[PDB]
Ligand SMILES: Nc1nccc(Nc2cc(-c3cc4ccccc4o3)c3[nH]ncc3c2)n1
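Take a look at this single chain, the form solved without the named molecule, given in structure tokens.
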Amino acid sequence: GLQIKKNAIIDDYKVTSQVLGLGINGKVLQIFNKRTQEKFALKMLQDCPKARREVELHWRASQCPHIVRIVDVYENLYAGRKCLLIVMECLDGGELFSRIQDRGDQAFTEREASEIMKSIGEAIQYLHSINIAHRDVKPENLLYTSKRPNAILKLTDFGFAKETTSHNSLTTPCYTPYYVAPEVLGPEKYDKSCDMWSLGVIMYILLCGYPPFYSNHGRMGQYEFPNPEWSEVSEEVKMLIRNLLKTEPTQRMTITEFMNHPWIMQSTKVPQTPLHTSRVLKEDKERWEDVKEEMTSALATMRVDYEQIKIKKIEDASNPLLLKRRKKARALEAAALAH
């Protein structure tokens, strides 16, 4: 029910120069609706089908409290460009994991860790309920509303989100042949499932304060659960994670299962056991960047890029090398007729 507005946004809001952080696709400004004096962030994209879907999706999703509210969408010309200006709920609360590092420390708990997840869980559950995959659930798209203690957590940036198909995944049999059969292509199976993979990783970090990746040298997971940090954690929690990180998209845990699991379903009453995460995240700001960077890297391999090209059949393909060699086929053909 999104009514993209046609007039100049400045008729309705005052656009300030106060910068609220640089966006992927431009600069996010503070603005103020003139009628209410309410404050809002203003992000902006270039107008084009992708962007107009991206915003439709986000508009729909906005109904979820753990998703950042699109308030209003204008279509104007900025800097010689057709633009979608997007007025959004302002979020002054920083990234999720930064909050944890910013602590007394009141030790970060397990009960605290469960809510955070349930929140992220609700946001997906909503998204998936209406057949939409956000495909970039990661720590920099998970902002709190504010510095205040009642602050709510929210999922943001719909730049990789897309509508997807509600299809049952089959549950693979116990007995299989030695041979590798051909894949039945179904790219869409990497959609929702991507979101479930990210929940697994963010949960893993949340609990210990490092990621479940390897290192290259030889504080890195390797999909084990190192003592000491993990000594205090339930085996039912670890199995959640293994089931979340299942490398087969058709076999991986589905958000419904996630949100039924007791550690979630009954989070209000989860063991209070304290956690290392904050003191670990404090250890090395430089390392935590590499966490963020590898997670973004990993996600690329776990979602399809439906934007990328298809490879022409070879006899329809032409390029330097492809002729260099064909040009040699005919040089031999000719040489043999010529003598």
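All residue numbers are counted from 1 along the displayed sequence. Rigid core (definition): largest C-alpha set, two forms, superposition within 1.5 Å.
Unshown form deposited with the named molecule bound; subsequent notes refer to it.
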Among the candidate residues 241, 255, 91, 73, which is the single one with a non-hydrogen atom no more than 4.5 Å from the named molecule in the deposited complex?
91
The one residue among 137, 143, 207, 196 placing a heavy atom within 4.5 Å of the named molecule in the deposited complex is 143
In the deposited complex, does each of 23, 28 and 156 have a heavy atom within 4.5 Å of the named molecule?
yes
Can you pick the stretch from 92 to 100, 255 to 263, 106 to 114, 124 to 132 whose heavy atoms fall within 4.5 Å of the named molecule in the deposited complex?
92 to 100
Please determine whether residue 281 contacts the named molecule in the deposited complex, using a 4.5 Å cut-off between heavy atoms.
no
Could you confirm whether residue 270 comes within 4.5 Å of the named molecule in the deposited complex, counting heavy atoms only?
no
Although the partner isn't part of this model, could you tell me whether residue 41 comes within 4.5 Å of the named molecule in the deposited complex, counting any heavy atom of the residue?
yes
Find out whether any non-hydrogen atom of residue 275 is located within 4.5 angstroms of the named molecule in the deposited complex, and reply yes or no.
no
Once the core is aligned, please say if the CA of residue 68 is shifted by at least 2 angstroms between the shown form and the other one.
no
Tell me whether residue 30 is among the residues that move between the shown form and the other one (Cα shift of 2 angstroms or more, core superposed).
yes
Would you say residue 276 moves between the shown form and the other one, meaning its CA shifts by 2 Å or more once the core is fitted?
no
